[PDB]
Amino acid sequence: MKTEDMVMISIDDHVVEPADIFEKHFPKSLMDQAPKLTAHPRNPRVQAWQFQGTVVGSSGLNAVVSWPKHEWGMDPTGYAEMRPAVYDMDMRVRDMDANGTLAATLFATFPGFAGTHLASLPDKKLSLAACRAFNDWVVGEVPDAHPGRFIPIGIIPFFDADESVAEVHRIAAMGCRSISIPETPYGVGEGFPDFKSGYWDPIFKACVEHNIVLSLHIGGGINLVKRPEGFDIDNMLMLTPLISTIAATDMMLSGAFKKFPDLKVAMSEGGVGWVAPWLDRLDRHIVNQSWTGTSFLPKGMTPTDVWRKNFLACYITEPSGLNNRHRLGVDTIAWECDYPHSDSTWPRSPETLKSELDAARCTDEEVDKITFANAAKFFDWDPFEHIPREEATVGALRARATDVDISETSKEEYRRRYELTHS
C-alpha cells in the first residue's frame, strides 16, 4: 500500500473553543454568569476564560502547530498567537486535509478534557449549564457543520451521577460516540469517588445502553505522582504519557467489566507499549488466584480476553510498539494525531506513521486496522457515510489542500495577522 492510499482517523485531538461558544449555547437567563473572555492575569497580551471566580486559558504546549520549537512552553497562550485552525473549525478541516486526516476526535480545553475544571467550581447549576453548552457545541454543532470529519465526543457533569446519566442520554441522541471522563477520579481536586466504589455504575450502565465509549485521556495519573521540589518540565513530559497503567489497572480491578461486560474503554493518548507487560502480569495473576473462586472479570475470561473485547490502545508515534501487536491483538490498536499538541505528528502524520508501520512489517490489512478500522468499529462510526472511501484517503484529502500553507510561522506573526483581522 502507498502512503497516499491510507485512510486515517484520529481518535484523540484537542479543540480550543472559539470566543462565541457560550454566547451561542449558554442559557440566556444565566448569561451574565456565563464564562467570559478576559485578559490572563499573567499575560494581558492573551485572553482567557473567567468563570465562577477563576481564570483559565490554553497551555502553550497544547496549541503549538506550526510554531518554531523555541516558542513552545508552559506559559498561557491565546487566540491571537494560535494558528487559526486550532480554534476555527473551518480552518481546522483544511489543516486536516493537508495532513491527510479523514476524521478527528475533539477533546475539550476550557472545561478540561475530562470536565474537571467545571467539576471544581462551587455553583454546580452554573457548571452544569456550562457542560451542556459545551456539549451542544462540540457534539451537536461542530460534527454537523463538517459531516464525516469529527467523531462526536463529549464530557459529563460527573460531580452528579443522576445529572451525568441524563446528559449521557441527551448527547447520545445527538450522535455522541464517546464521553471523556477523568482517568483517575480519586486524583481530581479533593478527590472524587473511584471506579470500584460503584459511584460510576449508573454512568457505565447508560453508556453501554448507547454503545458509548469511555475515553480515559492521559493527564490524571501524572497528578497522582509525588515529584521532587524543582518542577522539571522534561521529566513531566517523559512520564505523563507512559503511566496509563494506573488508570487501566483501576478500571480492570474495579469489577466494571464483570458488571458491564460490553463496556468500552479507550486509553486515549496512552501509547501501546505499556499494555504487554501489564497483560502478562494480570494474566498470570488470574491464573495464580483462580483457587479463590472469583475474579474482577466475567467468568471464563482472561485479562487478555477482556483487553480484546473491551479496550482500545491509542497512540501517535511509537516505532517499537507494534512489535507486540500480536500479543495485544492487532484489532485493539488505534492511531491518533493529537492535533494541535506538542506531541502531534502534524503535518506529516501519514509519512511518519507509514514509516513505523513498514518497519514493523504491517500487512495492508493491519495498516487499515491501525489507521482507521479499529477506531471505526470501536466508536461505532461509519467513516465513509458522508465521504466515499476513494475520496477519504490521505492522497485525496491532501489534493484539496495544495494551497494550505504549513510552513513554520511564529506566534508573533499569527498575532500580527490577528490584530489586522480585528481592527
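Start at 1 and count along the sequence shown; that's the residue number.
- As the entry records it, the average C-alpha temperature factor is higher for 46-54, out of 46-54 and 351-359.
- When the C-alpha B-factors of 175-183 and 217-225 are averaged, 217-225 comes out higher.
- Of all the options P277, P241, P261, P111, the entry's greatest CA B-factor is assigned to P241.
- Reading the B-factor column for the CA atoms of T332, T294, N211, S197 in the entry, the top value corresponds to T294.
- Among the modelled residues of its chain, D234 has a C-alpha B-factor that falls in the highest third, as given in the PDB entry.
- Ranked against the other modelled residues of its chain, the C-alpha B-factor of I21 as given in the entry falls in the middle third.
- Annotation for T38: C-alpha temperature factor in the highest third relative to the rest of the modelled chain, per the entry.
- Compared with the other modelled residues of the chain, the Cα B-factor recorded for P298 ranks in the highest third.
- When the modelled residues of the chain are ordered by their C-alpha B factor, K125 lands in the highest third.
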